[PDB]
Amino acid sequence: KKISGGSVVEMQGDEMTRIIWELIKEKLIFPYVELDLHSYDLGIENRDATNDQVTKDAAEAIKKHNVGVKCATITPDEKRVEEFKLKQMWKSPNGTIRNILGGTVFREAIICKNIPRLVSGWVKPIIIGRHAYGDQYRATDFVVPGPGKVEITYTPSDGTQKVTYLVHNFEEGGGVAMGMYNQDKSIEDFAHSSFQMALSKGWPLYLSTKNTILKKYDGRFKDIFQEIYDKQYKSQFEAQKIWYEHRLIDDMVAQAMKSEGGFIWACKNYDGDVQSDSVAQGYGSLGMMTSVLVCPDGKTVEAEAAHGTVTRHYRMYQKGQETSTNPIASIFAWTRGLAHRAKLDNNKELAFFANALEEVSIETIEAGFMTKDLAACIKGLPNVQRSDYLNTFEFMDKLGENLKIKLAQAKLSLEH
């Protein structure tokens, strides 16, 4: 009776989102879908136990099976090293997976009509296309302990030349230094994914850089997008009455703030990280956002919950206190992954299921059933009473009941 779901790579995560991830599988996915599930535990304890090998194994499994669904994980700092008794301050697992797979992370707010926007003018959606490779996420940074020279060198593989640039001569005291890079092929794939997303939505595209300051580094992103546009997409954009334009990043954030939305925003890795959280919050709620890595092969995706592990709710949970955490982004990581799986397999039943679960999630919140964090968006936290929201278990039960109803009606809807 269960839908034959196919092959999916799942990555378990940390703290509150790890608890929610299990509730999602048990209450919303497993009762209706049978999967060939390849499970990787990306919990901080397991990454520590495997010396972060589990992260690389999960990335390789996504390349093989073409669809990954990831739970929010901890990127450890000094406090986490103390808390979990870690061997090393492990690198971000999202950075590791994105650097192995490459591509563009597409992010968009999840809209509920009853959640007020913080930016009045935003009547149409904004889609951010965050370049998922290189820059700060594959950088080499270090503390400069004292006086001395920091230089950056380039040596072509033919061995016939060497270029050395002085970064800084630390004359007195120390500081910090770093090197970072990006690859032309990765930038070209980011450009193609951005232009294709704009044509698919029928919306204009904007790329943001600071090419007036980083004339070579950001200039390369600006030049690659302009060349690909002029040679491969200008006529298709003109036919659809849309356009592509480059903007300086500081100008772009201000223009986005005063716009009515309805555009694709190509962001470099760091800007995509920052501005996707600004835009998600602007639409009403930080936790109400989809995030899907679209790989350059045009076949592989990794859907994820881009927010944190909700440590404050997890601490309350550990103390036996009632908690009320928004599971919607975690649900949409599953639905977006399952919708892609269904498209690859031409599986109509799975495609219907993935869409129905998204509809149920939105319909439940719009009917006034939600978690404390969302109820606070509507009423303001000092005005929220216990009767205004459902705890995490009650909310998951309500979604499960509504999903069973939607699926039962869809089965009855079928012409004999």
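All residue numbers are counted from 1 along the displayed sequence.
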Report the stretch with the higher mean CA temperature factor, choosing between 258-266 and 232-240 on the basis of the entry. 232-240
Can you tell me which stretch has the higher mean Cα B-factor, 304-312 or 223-231? 223-231
Of the choices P125, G129, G337, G134, which one's C-alpha carries the largest B-factor in the record? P125
Member of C112, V167, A72, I213 with the greatest C-alpha B factor (per the PDB record): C112
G272: which third of its chain by C-alpha temperature factor? lowest
Sorting the chain's modelled residues by C-alpha B-factor, tell me whether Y317 ends up in the lowest, middle or highest third. highest
Hey, what third does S285 fall into on Cα B-factor, ranked over its chain? middle
When the modelled residues of the chain are sorted by Cα temperature factor, does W203 land in the lowest, middle or highest third? highest
Considering every modelled residue of the chain and its Cα B-factor in the PDB entry, is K379 in the lowest, middle or highest third? highest
